Amino acid sequence: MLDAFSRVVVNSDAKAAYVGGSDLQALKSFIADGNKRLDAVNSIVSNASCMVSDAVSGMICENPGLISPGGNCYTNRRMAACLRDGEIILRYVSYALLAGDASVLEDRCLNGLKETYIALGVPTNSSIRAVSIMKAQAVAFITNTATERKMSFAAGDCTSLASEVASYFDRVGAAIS
Amino acid sequence: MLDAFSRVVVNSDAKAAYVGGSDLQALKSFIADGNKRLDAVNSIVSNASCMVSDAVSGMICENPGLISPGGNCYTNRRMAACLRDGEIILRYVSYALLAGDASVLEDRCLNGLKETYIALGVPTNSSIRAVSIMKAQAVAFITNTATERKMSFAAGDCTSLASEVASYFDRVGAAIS
Amino acid sequence: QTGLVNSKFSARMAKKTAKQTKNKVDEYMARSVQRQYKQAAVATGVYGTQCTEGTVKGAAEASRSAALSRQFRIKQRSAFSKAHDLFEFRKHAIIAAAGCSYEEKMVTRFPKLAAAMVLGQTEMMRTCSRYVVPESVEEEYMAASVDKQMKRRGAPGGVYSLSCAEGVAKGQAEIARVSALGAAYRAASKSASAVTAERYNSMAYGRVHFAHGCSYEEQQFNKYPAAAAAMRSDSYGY
Amino acid sequence: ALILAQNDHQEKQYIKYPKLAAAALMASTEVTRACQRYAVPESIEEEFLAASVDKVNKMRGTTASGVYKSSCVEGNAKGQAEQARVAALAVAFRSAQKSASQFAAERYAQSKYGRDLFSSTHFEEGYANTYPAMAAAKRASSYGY
Amino acid sequence: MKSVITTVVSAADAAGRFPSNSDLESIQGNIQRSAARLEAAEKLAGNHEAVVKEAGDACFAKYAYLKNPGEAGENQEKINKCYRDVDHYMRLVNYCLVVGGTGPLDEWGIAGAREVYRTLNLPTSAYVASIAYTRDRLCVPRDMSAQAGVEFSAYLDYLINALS
Amino acid sequence: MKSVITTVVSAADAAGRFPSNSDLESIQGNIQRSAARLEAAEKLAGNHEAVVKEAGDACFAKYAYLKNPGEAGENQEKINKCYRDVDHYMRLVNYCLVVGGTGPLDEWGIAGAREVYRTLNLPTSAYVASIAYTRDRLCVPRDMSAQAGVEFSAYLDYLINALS
Amino acid sequence: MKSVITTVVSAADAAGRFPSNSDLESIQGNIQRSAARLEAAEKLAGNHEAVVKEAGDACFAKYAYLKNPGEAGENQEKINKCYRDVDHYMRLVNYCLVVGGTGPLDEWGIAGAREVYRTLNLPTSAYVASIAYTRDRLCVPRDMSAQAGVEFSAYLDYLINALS
Amino acid sequence: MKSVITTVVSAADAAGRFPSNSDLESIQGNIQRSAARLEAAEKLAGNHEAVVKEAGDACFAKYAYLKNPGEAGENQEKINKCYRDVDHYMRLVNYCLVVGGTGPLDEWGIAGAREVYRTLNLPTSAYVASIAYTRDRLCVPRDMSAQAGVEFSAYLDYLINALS
Ligand SMILES: *C(=C)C1=C(C)[C@@H](Cc2[nH]c(/C=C3N=C(/C=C4\NC(=O)[C@H](C)[C@H]4CC)C(C)=C\3CCC(=O)O)c(CCC(=O)O)c2C)NC1=O
Ligand SMILES: *CCC1=C(C)C(=O)N[C@H]1Cc1[nH]c(/C=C2\N=C(C[C@H]3NC(=O)C(CC)=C3C)C(C)=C2CCC(=O)O)c(CCC(=O)O)c1C
Ligand SMILES: *C[C@@H](*)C1=C(C)C(=O)N[C@H]1Cc1[nH]c(/C=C2\N=C(C[C@H]3NC(=O)C(CC)=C3C)C(C)=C2CCC(=O)O)c(CCC(=O)O)c1C
Ligand SMILES: *[C@@H](C)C1=C(C)C(=O)N[C@H]1Cc1[nH]c(/C=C2\N=C(C[C@H]3NC(=O)C(CC)=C3C)C(C)=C2CCC(=O)O)c(CCC(=O)O)c1C
Ligand SMILES: *[C@@H](C)[C@H]1/C(=C/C2=NC(=C\c3[nH]c(C[C@H]4NC(=O)C(C=C)=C4C)c(C)c3CCC(=O)O)/C(CCC(=O)O)=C2C)NC(=O)[C@@H]1C
Ligand SMILES: *[C@H](C)[C@H]1/C(=C/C2=NC(=C\c3[nH]c(C[C@H]4NC(=O)C(C=C)=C4C)c(C)c3CCC(=O)O)/C(CCC(=O)O)=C2C)NC(=O)[C@@H]1C
Ligand SMILES: *[C@H](C)[C@H]1/C(=C/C2=NC(=C\c3[nH]c(C[C@H]4NC(=O)C(C=C)=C4C)c(C)c3CCC(=O)O)/C(CCC(=O)O)=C2C)NC(=O)[C@@H]1C
Ligand SMILES: *[C@H](C)[C@H]1/C(=C/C2=NC(=C\c3[nH]c(C[C@H]4NC(=O)C(C=C)=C4C)c(C)c3CCC(=O)O)/C(CCC(=O)O)=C2C)NC(=O)[C@@H]1C
Ligand SMILES: *[C@H](C)[C@H]1/C(=C/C2=NC(=C\c3[nH]c(C[C@H]4NC(=O)C(C=C)=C4C)c(C)c3CCC(=O)O)/C(CCC(=O)O)=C2C)NC(=O)[C@@H]1C
Ligand SMILES: C=CC1=C(C)[C@@H](Cc2[nH]c(/C=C3N=C(/C=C4\NC(=O)[C@H](C)[C@H]4CC)C(C)=C\3CCC(=O)O)c(CCC(=O)O)c2C)NC1=O
Ligand SMILES: C=CC1=C(C)[C@@H](Cc2[nH]c(/C=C3N=C(/C=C4\NC(=O)[C@H](C)[C@H]4CC)C(C)=C\3CCC(=O)O)c(CCC(=O)O)c2C)NC1=O
Ligand SMILES: C=CC1=C(C)[C@@H](Cc2[nH]c(/C=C3N=C(/C=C4\NC(=O)[C@H](C)[C@H]4CC)C(C)=C\3CCC(=O)O)c(CCC(=O)O)c2C)NC1=O
Ligand SMILES: C=CC1=C(C)[C@@H](Cc2[nH]c(/C=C3N=C(/C=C4\NC(=O)[C@H](C)[C@H]4CC)C(C)=C\3CCC(=O)O)c(CCC(=O)O)c2C)NC1=O
Ligand SMILES: C=CC1=C(C)[C@@H](Cc2[nH]c(/C=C3N=C(/C=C4\NC(=O)[C@H](C)[C@H]4CC)C(C)=C\3CCC(=O)O)c(CCC(=O)O)c2C)NC1=O
């Protein structure tokens, strides 16, 4: 497990160096953009039980062929599995939202997830739909452009926080396919 | 495990009444001197390893009848096992010292250890000497009257929260005896 | 080029073969069922103290090099002792799948998932060895009566085996000594509602996994539950 | 070539023109990857079983007395023979770099390649069904290697 | 009682270590943000008997079919067991901004709460029709300070998303 | 490795939940302390090889016997190999002051130390004869400030609290 | 307690076995070697006041720096108790000779060793410094035999190699 | 294969110890004891065609009901599958003279032997009849010497104690 405060002490390690005075600029900017970085998470996880139900039904009204027999989401048991793994995925990109590094996920969720939907035969293109539709709600929650919840905030720059939740969300799609 | 935050609400629900503004007499004060709390807990860990050679070796010099054949602490298997459990009564109270309540220690240590102090041969007489000096040193280590060390402090008052280090280490003898 | 045997120098086949991917889908499925049982251990964000790693200056780091080198011994087994616990772990893991055909689809598929789910179900219900101690010598001589019976599979012909091996270096099992005696104290001061399920489910843990028809042994379990909380399978020699 | 021709014209094209019947064999193994240079063995016994057959395939790169033929030869100039070695490993790193869909295709093909041209009995088409790379290393005896 | 600082010191028990500098700096943040919510506590706690008369029927404006013959909110011993119970959930979250952690949430409204709602045959979607109307009744001018309805707002829809 | 957030993100990982308001406040002390806690990063990293010379021979001031044959410091490169390590010891605690958590000093330096110093036959007090010269060479206003200064000594004697 | 004989009973305890013709056959060697190892048991005991004194300061003849205050080896009351420790070391090394193994030394000396020399900040190689004077001082034609000189010295270096 | 060597190294293996003083004298008794345990082995090997034959028909002399139809002696080949099964045991107890423990007997000869016989309808009361005939037929000046006859007898009755 690593993060952006401890990524530099990995980076300074292998060349046998320290945390130099000019490398602090990503991290001195962190603690001042941390007051808005904590203002970003509670916008997401307040509505979180809807976020999987908004998205996986968005795969249902996109593709209704999966709730037929033969589909991987037919039976009443397997949708209890699916909604469970739907809300796993944003539970771990929310960790990297507070951590600022990808070293939370492909050591805890992505290492071998490509191969463990291989033997279960889970259609990986359908899981991409359950990744991107969650991502679309995420950037609309950060920039508050989603229609039917208006949350109070402090004004200022937030345009780069939604820029990185794209980078985490497509990565979990990048490694499942 | 509670803290002094969650100590006071277990009786408020026991009368089912809401936390009033009359209840803010303790809560204005505790957050205000909260920096006066952990500015002494730095001193508690900063003499961790030397503590089990201060009061415990201050016990064998009070009574040398324990190192010869005929003592409970005769071999190194029980020489260490007296001072190994010396530092645990340092350790468990440090969680409770900042907590403002002994809910951390008194379930995981003080409940059950009295009967664990039954079956062994550990003397009731030497069960109270170390807990006084390691109270009376932390009485000094709050007050910085250590005769060979005066460390860094934001100087002023700290003897108000020196009342807890006497109010904590009395229930050791009140519940083991 | 030619074969690896003659007329060629360096190694080949940097490609995950069909057996090699079977191990990884086993391991990912096993880490999931490992972490899922520990979610049942700590059910809040406040840690239950049965997750207490070590309790002195160095016992927490000391538990690391013992646990993986013990796992090295489970990897170091013979062809017989690997074929035995293949078939033996799974039919215990069949039994924990109480009335589910779906779980016994994939427990005959992934033998490490069979291995990873049988022992963690015990640690969820704390129906195992160091989680429940008897109350008097009424049951103390009874609970440790099967303890000398269990290690008969350990040393088969007098000569000891690597199942019950404790330390691989100088001064290792002596930190394991003082640790589990603290667990023997950590088993002594649990909650009131806690301990009144460890006994009343270890007397159900034996009656499904070990009894199989004997109504005499059900008298033994339902009056002495701590004698059943030591009973384990043939795969652990100890 | 007579036992892979689909037409009766294609049969006549191989009988009369011998340089076509040669390269019609060779081109079939390139596209349906049943060469040695495309076969990765999936086990340590197969890497022994493939090694067991090309010890006989290299044994016709020498004469009846054991002196070397002109066929199996890996160099002609100062440094070329070492350059053939550093060449052939990049073939080998890319033979094991196929897609997941193309390892499946030549798995059935090399099994089909061995039991069509070299096998005449039931045990001979048992080593081809079970280990494809052992059947993929069966050369065509007009080479030396 | 899940709290802020009980969540810290337990891994120093669970891995067995001493309190270092890294363990105490988390409670340096328990000075400022601990203060800003405690104004919103008694601002709500003095008036908990009044805000239930628009919170309870906000479900019953939506779900008046629970007053049918043979139902869950049908009659006066169930009505006065309804109007008694709608503020119990707020006394849970009244103590939430007292400690700062989610203590009485995860102690007295989680375990079996999905069970006994189905088992006593009362709708789980009824309380979310009773308490989101309370949370969607925020006028930060006449309520409190600016930030005091930010963490406090996050509890009132936590129970929306946890319970259903 | 271990950070300020690593415990409170694993306290929601082992629980398997999204982060509640308990650990939402956990990063509040991360930003109130960083005003002067990485002050001693490049102040140290701009002055690190002055104090390797200052305290690195102040262990040979206490124990001036090490040049005898048989023990470690008897030739030129072996004491030159010492000065690498006493650089390393405020390397991986200078990492710790900006990491916040106590990860990479345990992950690399302080754990496993008892087993390798026993084998390589060198006293662990012969290290702390150097480290204990450093903290009483720090000045309270001159080198850094006070709240900067408390996060230098309490890492420095926490070192020897786990070396002794 | 470990010896020749208390090994093979606990070996043949858990196997459900009666001691067969290897278990007793190991003790068949343990009677003739007991003549050669208890020849050295009481010559150590009959002259034990020799080794406690001009080896304990000969220990100090290569660790002489402990005599300074600040350290723990400086004054006479910490010589009054200092020579008492090697009295427990010359006692415990005598009792291994009447057992047949390293039983009483490992049970009484090694268990709890590594944690009280360093929490007392005693340099643990100085507890080895006496033993090196003891080893090659016992010559062959004078003190012990040739076959008793080897095995007491084989009992001796167990106290060397376990301490550091 | 439980030998007088292998019984002690596994005891020090699992505890993680070197070959110590408990292990030096444990195999001291494998020369002066095996100065006589080999003496039965070359006596058994040069006279095995007669010893097996004498103990063979001593079984059929006692229980002459094996010849009947239905039992374990009714045909010529079941006569040879009995005279073979004592030549196996007169090799296995020859082998554990050479081992010096129970190794060849307890692993390859008696382990699960009480399942093959009870399923194949073999009277294990006749196996002890055919072994015990030679258990007294040894003559302490004539078969071997008395330091070898107590050795050879002690391996037979251990097999008799097993099957009974
Ligand atoms: C099928 C016909 C179909 C759907 C199901 C649905 C899925 C979908 N939704 C969006 C956009 C949003 N989804 C949101 C989630 C929720 N909205 C709510 O009101 C609650 C709080 C929550 C569910 C518990 C949100 C907030 C948005 C953003 C818009 C907004 O301001 O509300 C998408 C992507 C964009 C789109 O297609 O509209 C999809 C696929 N849409 C369907 O067509
Ligand atoms: C039930 C709670 C729990 C979970 C989940 C878990 O993973 N462990 C327990 C409690 C716990 N343990 C630690 C820290 C450590 N635990 C180990 C042992 C494991 N780590 C290993 O590498 C191996 C070998 C495969 C094992 C068995 C170790 C070595 C540590 C680190 C201690 C040290 O080395 O100094 C923690 C604390 C994590 C944190 O927040 O820092 C907890 C809660
Ligand atoms: C279950 C396998 C077994 C048999 C059979 C047996 O006799 N003992 C166990 C394992 C075993 N252990 C040793 C040596 C030691 N074992 C311990 C264990 C105790 N210490 C603890 O902290 C705990 C947990 C409560 C226990 C049970 C100790 C201290 C030793 C001494 C280590 C040493 O001296 O090297 C052995 C081999 C030697 C022996 O006869 O005990 C075995 C097989
Ligand atoms: C032809 C197939 C051969 C038969 C039959 C045989 O017994 N040996 C083959 C011919 C041959 N080659 C050499 C020497 C070299 N051959 C080299 C090429 C191999 N090394 C590689 O890395 C690869 C690809 C993976 C191949 C094919 C190299 C290089 C040499 C060394 C050249 C040099 O100048 O030393 C010989 C001579 C005997 C020997 O093995 O050196 C023969 C007979
Ligand atoms: C004659 C005095 C016996 C008797 C012997 C029979 N044994 C038969 C089969 C048999 N016996 C064994 C055990 C033996 N064989 C071994 O290789 C070893 C150890 C190295 C031992 C101890 C086995 C395993 C078997 C089955 C396989 C085989 O044929 O060898 C047997 C035939 C049984 C049958 O045909 O039904 C006979 C007659 N029977 C007696 O009653 C006395 C005791
Ligand atoms: C009866 C309990 C088992 C058993 C288990 C062993 N545990 C050993 C180490 C160990 N295991 C845990 C439990 C951890 N794994 C989980 O799956 C869960 C919850 C679902 C938890 C908390 C802990 C905390 C520890 C260290 C403490 C300890 O047990 O001493 C272990 C190795 C030896 C050892 O150190 O104990 C074993 C063998 N023992 C048994 O025989 C049955 C299978
Ligand atoms: C009216 C708007 C509600 C409603 C209220 C009812 N609750 C009934 C029983 C009940 N509910 C709980 C859960 C809640 N009440 C509490 O007092 C506490 C904590 C202390 C909690 C979490 C409990 C514990 C109980 C039993 C004791 C009690 O009366 O409080 C109930 C009776 C149903 C029946 O008897 O069948 C009613 C009418 N029920 C509704 O359906 C709407 C949404
Ligand atoms: C100097 C102040 C000490 C002293 C130092 C010596 N250390 C020697 C060897 C050594 N030390 C370590 C651990 C250390 N090196 C690291 O890179 C790190 C972590 C970043 C640590 C904690 C290692 C791994 C080694 C072996 C490799 C090497 O340095 O050559 C050493 C030489 C012993 C030898 O190799 O014979 C010395 C002299 N010893 C002293 O007496 C003073 C007090
Ligand atoms: C003298 C050459 C040493 C030295 C010796 C000191 N040891 C002190 C205390 C101490 N020593 C031991 C080890 C030994 N004594 C025992 O009784 C047993 C087991 C039966 C052993 C192995 C122990 C366990 C202790 C602590 C308890 C006790 O006093 O017996 C000591 C006093 C220290 C103090 O008063 O704090 C001294 C001076 N110290 C030196 O500096 C040189 C190297
Ligand atoms: C423990 C709980 C806890 C938190 C959650 C944060 C809450 C928090 N966020 C901001 C403050 C802010 N938050 C934002 C963020 C945003 N504004 C937008 O329009 C976007 C929707 C969104 C970015 C995605 C911005 C832009 C600021 C102003 C910059 C700043 O004050 O640092 C502030 C300072 C202003 C104020 O007083 O409110 C605080 C206290 N701090 C805490 O102590
Ligand atoms: C810690 C790692 C971890 C994960 C990554 C998730 C994901 C995950 N899901 C399943 C198991 C499953 N996962 C799904 C989900 C889906 N199938 C689809 O076609 C859709 C793309 C998607 C719906 C959202 C289904 C349907 C099953 C069950 C299949 C079945 O019942 O046959 C499994 C195997 C375990 C089991 O079968 O019980 C895992 C690991 N859960 C975890 O614990
Ligand atoms: C027979 C032997 C014997 C001893 C060793 C001492 C042990 C000892 N010290 C103190 C009293 C104290 N003990 C310490 C402890 C220490 N001081 C430090 O600098 C270190 C951190 C740590 C030792 C490693 C401190 C700080 C005080 C308070 C007075 C002071 O030293 O300033 C007390 C209680 C009150 C007193 O009498 O002073 C005792 C019993 N006394 C004895 O009778
Ligand atoms: C997270 C890191 C962290 C720490 C390391 C400690 C360190 C610490 N202590 C105080 C601050 C203080 N500390 C003391 C303490 C004392 N005065 C005395 O005379 C006694 C010797 C001693 C304890 C008994 C007093 C009196 C104050 C000022 C009053 C107050 O802060 O309430 C302050 C605030 C003042 C400042 O900004 O410098 C800090 C950061 N607290 C923290 O938050
Ligand atoms: C258990 C048996 C046993 C011993 C041998 C002695 C070991 C021993 N010998 C001497 C004292 C002596 N020890 C020896 C013996 C030897 N000197 C050498 O140079 C050789 C290495 C070795 C003979 C091979 C001699 C010759 C003396 C006389 C003075 C001296 O040389 O040191 C002393 C110092 C006290 C004294 O003056 O007696 C001691 C502890 N003590 C014992 O308890």
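Numbers restart at 1 for each chain; the letters A, B, ... are given by sequence-line order, proteins then strands. Both ligands and their constituent atoms are indexed starting at 1 by order of listing. Just so you know, these numbers use all the heavy atoms, side chains as well, and skip hydrogens, waters and symmetry mates.
The distance from ligand 8 to the heavy atoms of F/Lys81 drops below 4.0 Å at these ligand atoms: 27 (C), 28 (C), 29 (O), 30 (O), 32 (C). The contact set between ligand 11 and A/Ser127, taken as ligand atoms under 4.0 Å from a residue heavy atom, comprises 21 (C). Of all atoms in ligand 11, listed by their number and element, those nearer than 4.0 Å to a heavy atom of A/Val122 are 17 (N), 18 (C), 19 (O), 21 (C). Proximity to F/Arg84 (heavy-atom distance under 4.0 Å) selects the following atoms of ligand 8: 28 (C), 29 (O). Near F/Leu66, meaning under 4.0 Å from any of its heavy atoms, are these atoms of ligand 8: 41 (O). The ligand atoms of ligand 8 that sit less than 4.0 angstrom from a heavy atom of F/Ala126 are 43 (C). Which parts of ligand 14 touch G/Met144 is read off a 4.0 Å heavy-atom cut-off, strictly below it: atoms 1 (C). Against a heavy-atom cut-off of under 4.0 Å, A/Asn72 is close to the following atoms of ligand 11: 19 (O), 26 (C). Taking a cut-off of under 4.0 Å to the non-hydrogen atoms of F/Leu122, the atoms of ligand 8 that pass are 4 (C), 5 (C), 39 (N).
Scanning F/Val116, F/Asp85, F/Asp87 for the heavy atom closest to atom 12 (C) of ligand 8 points to F/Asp85. The nearest non-hydrogen atom to atom 22 (C) of ligand 11, considering only A/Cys82, A/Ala55, A/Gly86, A/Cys73, comes from A/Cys82. Counting only non-hydrogen atoms, the option in F/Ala129, F/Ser125, F/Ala72 that gets closest to atom 40 (C) of ligand 8 is F/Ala72.
For atom 2 (C) of ligand 8, the closest heavy atom belonging to the protein is F/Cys82 SG, 1.4 Å. In this structure, atom 9 (N) of ligand 11 lies nearest to the protein heavy atom A/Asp85 OD2, 2.3 Å. Summary of contacts: the protein heavy atom closest to atom 6 (C) of ligand 14 is G/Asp143 OD1, 3.7 Å. For atom 12 (C) of ligand 11, the nearest non-hydrogen atom of the protein is A/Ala81 CB, 3.8 Å. The protein non-hydrogen atom at the shortest distance from atom 5 (C) of ligand 11 is C/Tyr28 OH, 3.3 Å. For atom 3 (C) of ligand 11, the closest non-hydrogen atom of the protein is C/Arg35 NH1, 3.8 Å. Among protein heavy atoms, the minimum distance from atom 43 (O) of ligand 14 is reached at G/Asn47 O, 3.0 Å. For atom 35 (C) of ligand 11, the closest non-hydrogen atom on the protein side is C/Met29 SD, 4.0 Å. In this structure, the protein non-hydrogen atom closest to atom 39 (C) of ligand 14 is G/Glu54 OE2, 3.0 Å. Closest protein heavy atom to atom 27 (C) of ligand 14: G/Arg137 NH2, 2.5 Å. Closest to atom 20 (C) of ligand 14, if we only count protein heavy atoms, is G/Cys139 CB, 3.7 Å. Nearest protein heavy-atom contact of atom 33 (C) of ligand 11 is A/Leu120 CD1, 4.1 Å.
With a 4.5 Å cut-off on side-chain heavy atoms, C/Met29 and C/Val25 count as touching. Contact of the F/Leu163 side chain with the F/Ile110 side chain is registered, since non-hydrogen atoms from C-beta on lie closer than 4.5 Å. Residues F/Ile160 and F/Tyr127 fail the side-chain proximity criterion, which asks for heavy atoms closer than 4.5 Å. Within the 4.5 Å cutoff, the side chain of G/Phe60 has heavy atoms near those of the G/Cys82 side chain.
Closer than 4.0 Å to atom 31 (O) of ligand 14 lies at least one heavy atom of the protein.
When non-hydrogen atoms are compared, ligand 11 lies under 4.0 Å from neither the backbone nor the side chain of A/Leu83. Under 4.0 Å from ligand 14, the heavy atoms of G/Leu138 that appear belong solely to its side chain. When heavy-atom distances to ligand 8 are checked against a 4.0 Å cut-off, F/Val86 comes that close only through its side chain, counted from C-beta outward. Contacts of A/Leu66 with ligand 11, taken as heavy-atom pairs under 4.0 Å, are absent altogether. Contact annotation: for F/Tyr63 versus ligand 8, there are no heavy atoms closer than 4.0 Å. Under 4.0 Å from ligand 8, the heavy atoms of F/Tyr89 that appear belong solely to its side chain. Counting heavy atoms closer than 4.0 Å to ligand 11, residue C/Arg31 contributes nothing at all. If you look at F/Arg91 next to ligand 8, there are no close heavy atoms at all, none under 4.0 Å. Residue contacts with ligand 11, taken as heavy atom pairs separated by less than 4.0 Å, involve A/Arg77 solely via side-chain atoms from C-beta onward.
Using a 4.0 angstrom heavy-atom cutoff, G/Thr134 does not count as in contact with ligand 14. No heavy atom of A/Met59 sits closer than 4.0 Å to any atom of ligand 11. Judged by the shortest distance from any of its heavy atoms, A/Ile88 lies inside the 4.0 Å radius around the atoms of ligand 11. Ligand 11 is approached by A/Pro123 to a heavy-atom distance shorter than 4.0 Å. At a 4.0 Å cut-off, not a single heavy atom of G/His48 sits close enough to ligand 14 to count as contact. Residue contact check for ligand 11: A/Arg108 places no non-hydrogen atom closer than 4.0 Å to it.
The shortest N/O to N/O separation between C/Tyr102 and ligand 11 falls below 3.5 Å. Distances between N or O atoms of G/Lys43 and those of ligand 14 include no value under 3.5 Å. Between A/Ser126 and ligand 11, a contact under 3.5 Å exists for no N or O pair. Not one N or O of F/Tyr117 is nearer than 3.5 Å to an N or O of ligand 8, by distance alone. Looking at F/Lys78 next to ligand 8, an N or O pair under 3.5 Å apart turns up.
The environment of NZ in G/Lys53 is sparse: at most 12 heavy-atom neighbours from other residues, nucleotides or ligands sit within 6.0 Å. Within 6.0 Å of atom CD in F/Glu54, more than 12 heavy atoms from other residues, nucleotides or ligands are found, so the atom counts as buried in its surroundings.
Relative orientation of the G/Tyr65 and F/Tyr65 rings is parallel, given thresholds of 30° and 60° on the angle between their planes.
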